[PDB]
Number of protein chains: 2
Amino acid sequence: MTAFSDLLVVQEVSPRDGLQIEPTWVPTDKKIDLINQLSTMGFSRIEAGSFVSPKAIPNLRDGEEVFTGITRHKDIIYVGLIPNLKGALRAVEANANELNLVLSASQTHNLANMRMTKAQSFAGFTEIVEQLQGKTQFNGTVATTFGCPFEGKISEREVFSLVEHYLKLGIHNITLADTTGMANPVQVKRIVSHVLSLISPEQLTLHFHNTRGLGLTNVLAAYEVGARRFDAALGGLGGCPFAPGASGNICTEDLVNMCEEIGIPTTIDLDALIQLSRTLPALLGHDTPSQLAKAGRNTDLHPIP
Amino acid sequence: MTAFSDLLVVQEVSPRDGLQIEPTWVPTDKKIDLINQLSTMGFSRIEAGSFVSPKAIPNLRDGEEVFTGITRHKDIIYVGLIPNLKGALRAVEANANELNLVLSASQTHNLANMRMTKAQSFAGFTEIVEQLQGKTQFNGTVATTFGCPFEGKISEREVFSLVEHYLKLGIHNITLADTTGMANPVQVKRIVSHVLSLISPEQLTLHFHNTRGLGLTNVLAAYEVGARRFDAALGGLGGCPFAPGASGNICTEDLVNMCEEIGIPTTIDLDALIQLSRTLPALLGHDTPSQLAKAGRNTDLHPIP
Ligand SMILES: CC(C)(COP(=O)(O)OP(=O)(O)OC[C@H]1O[C@@H](n2cnc3c(N)ncnc32)[C@H](O)[C@@H]1OP(=O)(O)O)[C@@H](O)C(=O)NCCC(=O)NCCS
Ligand SMILES: CC(C)(COP(=O)(O)OP(=O)(O)OC[C@H]1O[C@@H](n2cnc3c(N)ncnc32)[C@H](O)[C@@H]1OP(=O)(O)O)[C@@H](O)C(=O)NCCC(=O)NCCS
Ligand SMILES: [Zn+2]
Ligand SMILES: [Zn+2]
């Protein structure tokens, strides 16, 4: 019988991770339109943008107007990505429902991406919590959890130390991110099992990129050891411009199709999501790495010759 | 400790499944060159071509000359795909080491692909065995095992009945093929577990296409219940021209990378295979769906800015 604990919670990040690396600018009102459409698909969380330097990520420099302009569904948490105190204050002014703080477990990647050390990142996070606790809610992301494109292997003890530091600040919602798609299923089971001894399945998000084709295999491996919250991008958009060779997030409609075929519950309308994904080539001017947008679902049968 | 039973046996099908649907003709001597290169990569089996109607599959109409021209490595079985007695006789004349007989579990797909019923296909197989048993060796493939692009759901009892019919002819090596990428991991575990009560892991091949992005997830699910032999195509080439919307086989180098990262043994040289896959765009005039050819393996690190 279906159990409350079975639900896989699909969280949408195409407006942020998807668009930050897209070659072409997406106009502000079309970003708003995309989020308004995603808001009809069943997601509990949508990462609607970032509050970062416009010199670093020019594609997301309209975050304030995007957050101002979208239709707020009462049962959706609209998340903004935050690197420091200045971004946190911007996000609160824009009434982001949740601030997603981000640093990398790799010192080299944190310097390349945030232009500061991990210690400096956490110094900012401490000030953010001191000023804004009780005025908003927080998520703590550890990027390059499963390896780094610069440093290679990443110490799992260091990942856990960073998670514990988030907890010490009272931030118990945690994302582990595979920024350049370096994770494998055995490694995922080991890391997720250990982090789930610190926090609960309601608190842990896994954020996989599909750079080496293991994205959905890693989702299922994490699910098998109890993880339930997963980030994905419509059409398989995404990648970080400062992680070399980064590529798309796992594709939302491919993830939802996997769940639907296996029997894992989601609250996402798959048919409607595929239709929305198929509008992306016209919006962006190129095709996207979505298998379901190309092929359709199993029940899309073909006429007999 | 490493066990004899742990090895995942990677079997290469790009010269047949990969090329049959490619838009452009690959010249005969370049087909031979490709197989000669694949023969250096560690495969125990390479499907070097087909002996089918040139009206049906014009891209593979040079099968006799390909089999004549390749360098035969003594420890590799060169397989030819066979639909009927005429093709079997051609394959024996070309000294194929193994004849891969194919029919579909879907009557509609078998008629579309082979222009005969399943009963007619097995009538041919019976004559093939009667004439050529003891002169060659056989594999029996059941296509559309996991669903059909025309009929939709496919009876698992019917799949098992077809496997049993192969066994009655003395053909105990069996391939279950997911022709248009309709399989999911739970279904795979159920079907593979049952077939492994009839034949051994040394006898069963799984042949997955990646049409809905579940190819490697289905491989790992099959491996978890004891399957060990898997077909894959270099660069993710492949698809059947008579199965509508068919798309690539699972990508060989993505499969081998998954094994290498998890710790599943293979006998494939991954570095050399990636280098070979990266020659495909120049050969075919377009890029291929290989994640590893695009991104490189984890240990390909990037310079610090
Ligand atoms: C963290 C970050 C802001 C540091 O950049 P920096 O230029 O070294 O930061 P400094 O504080 O030295 O620069 C200060 C300037 O940037 C502005 N700035 C600082 N933080 C900002 C923020 N969060 N949003 C917007 N502007 C910001 C300051 O107001 C100031 O503007 P000025 O030039 O007119 O004075 C930048 O590296 C960044 O935005 N990184 C995130 C990139 C990203 O999102 N990557 C992908 C997802 S992780
Ligand atoms: C099975 C198949 C040969 C039946 O085709 P068909 O045209 O209905 O077959 P017929 O026996 O009625 O046609 C006989 C003609 O084809 C030839 N032929 C029959 N089987 C052949 C074979 N295996 N190889 C080459 N020629 C063959 C006959 O010699 C004859 O040639 P002719 O026209 O000069 O007389 C054809 O459907 C086929 O090759 N299908 C396989 C397609 C495939 O490989 N799909 C993807 C992988 S499953
Ligand atoms: Zn990301
Ligand atoms: Zn195939």
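Laboratory data are not the source of any read-out in this text; all were calculated from the coordinates shown. Every residue, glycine among them, receives a Cβ derived from its backbone with ideal geometry; neighbour counts consider all protein chains shown.
Distance from the axis that maps chain A onto chain B is least for the Cβ of the chain A residue given, with the whole Å value, as A:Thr217, 2.
Here each label is just a point 7 Å from Cα along the line to Cβ, and for A:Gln137 and B:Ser200 those points are 5.7 nm apart.
Just to verify a number: FRET efficiency for A:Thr267 and A:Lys55, C-beta to C-beta distance, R0 = 45 Å, to 0.05? Computed FRET efficiency for A:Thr267 and A:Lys55 comes out at 0.75. Dipole size of the protein assembly as shown about its Cα centre, with +1 on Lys/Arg Cβ and -1 on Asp/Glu Cβ: approximately 20 debye, rounded to the nearest 20. Extent of region A:42-104 along its three principal axes (Cα atoms, max minus min coordinate, largest first): 32, 24, 19 Å. Can you pull out the chymotrypsin sites (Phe, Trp or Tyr not before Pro) in region B:25-114 whose DSSP state is coil and whose Cβ has at most 12 other Cβ atoms within 10 Å? Within region B:25-114, no chymotrypsin sites (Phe, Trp or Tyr not before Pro) qualify (loop, at most 12 other Cβ atoms within 10 Å).
Excluding B:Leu273 itself, what net charge comes from residues whose Cβ is under 12 Å from its Cβ, given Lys and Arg +1 and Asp and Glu -1? Residues near B:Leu273 contribute -4 overall.
With the helix formula -39500 (n - 2.57) applied to DSSP H stretches of n ≥ 4, chain A reaches a computed 222 nm mean residue ellipticity of -10500 deg cm²/dmol. The length gained on full extension between A:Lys153 and A:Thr279, counted as 0.36 nm times the residue separation minus their Cα-Cα distance, comes to 41.5 nm. B:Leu132 sits among other residues whose Cβ lies under 15 Å from its own Cβ, and their net charge, with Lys and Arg +1 and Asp and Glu -1, is -1. Kirkwood's formula applied to the C-alpha pairs of region B:189-305 gives a hydrodynamic radius of 15.4 angstrom. Extending 7 Å from Cα along the Cβ direction at A:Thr2 and again at A:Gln37 yields two label points whose distance is 2.7 nm. Amide H contacts of B:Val225: none lie under 5 Å away among residues 5 or more positions distant or on a separate chain (H built 1.01 Å from N in the peptide plane; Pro and chain starts excluded). Measuring spread by the Cα atoms of chain B yields a radius of gyration and Dmax of 18.2, 68 Å. Using only alpha-carbon positions in the protein assembly as shown, the gyration tensor eigenvalues give semi-axes of 47, 23, 22 Å once each is multiplied by 5 and square-rooted (largest first). Per-residue mean of foreign Cβ neighbours for B:207-214 is 6 (Cβ atoms of other chains, 10 Å radius). Once backbone amide H atoms are built at 1.01 Å from N, A:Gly238 has A:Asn249 as its partners under 5 Å, excluding neighbours fewer than 5 places away on the same chain. Note: region B:257-305, Cα convex hull, 103 Å³ per residue. With 29 Å as the limit, the listed pairs A:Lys135/A:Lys189; A:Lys31/A:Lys153; B:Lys31/B:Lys74; A:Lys55/A:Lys118; A:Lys31/A:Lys189 have A:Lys135/A:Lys189; A:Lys31/A:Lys153; A:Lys31/A:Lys189 beyond it between alpha carbons. Taking Cα centroids, how far is region B:286-305 from region B:96-154 in Å? What the calculation gives is 38 Å, centre to centre.
With label points defined 7 Å past Cα in the direction of Cβ, position B:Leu301 shows copy-to-copy spacings of 5.5 nm, given to one decimal and shortest first.
Mean sequence separation of contacting Cα pairs (under 8 Å, at least six apart), scaled by the length of chain A, corresponds to a relative contact order of 19 percent.
Remark: region A:41-53, residue by residue, has Karplus-estimated 3J(HN,Hα) of 9, x, 5, 7, 9, 10, 8, 7, x, 10, 10, 10, 4 Hz, where x stands for each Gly or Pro and the curve is 6.51 cos²θ - 1.76 cosθ + 1.60 at θ = phi - 60°.
Label point of A:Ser193 set 7 angstrom out along Cα-Cβ; within region A:153-169, amide nitrogens under 19 Å from it belong to A:155-161.
If you take every residue apart from B:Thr2 with its C-beta less than 15 Å away from the C-beta of B:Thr2, what net charge results, scoring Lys and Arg +1 and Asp and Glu -1?
That sum, taken over residues with Cβ under 15 Å, equals -1.
The residue list B:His209, B:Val186, B:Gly170 was ranked by how far each Cα lies along the charge dipole of chain B toward its positive end, using unit charges on Cβ atoms, and B:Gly170 comes out on top. What does the charge dipole of chain B about its Cα centre add up to, to the nearest 20 debye, if the Cβ of each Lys and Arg holds +1 and the Cβ of each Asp and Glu holds -1? Once rounded to the nearest 20, the dipole reads 660 debye.
Between amide H atoms placed 1.01 Å from N, distances below 5 Å from A:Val9 occur with A:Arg229, A:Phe230, all of them 5 or more places distant or on a separate chain.
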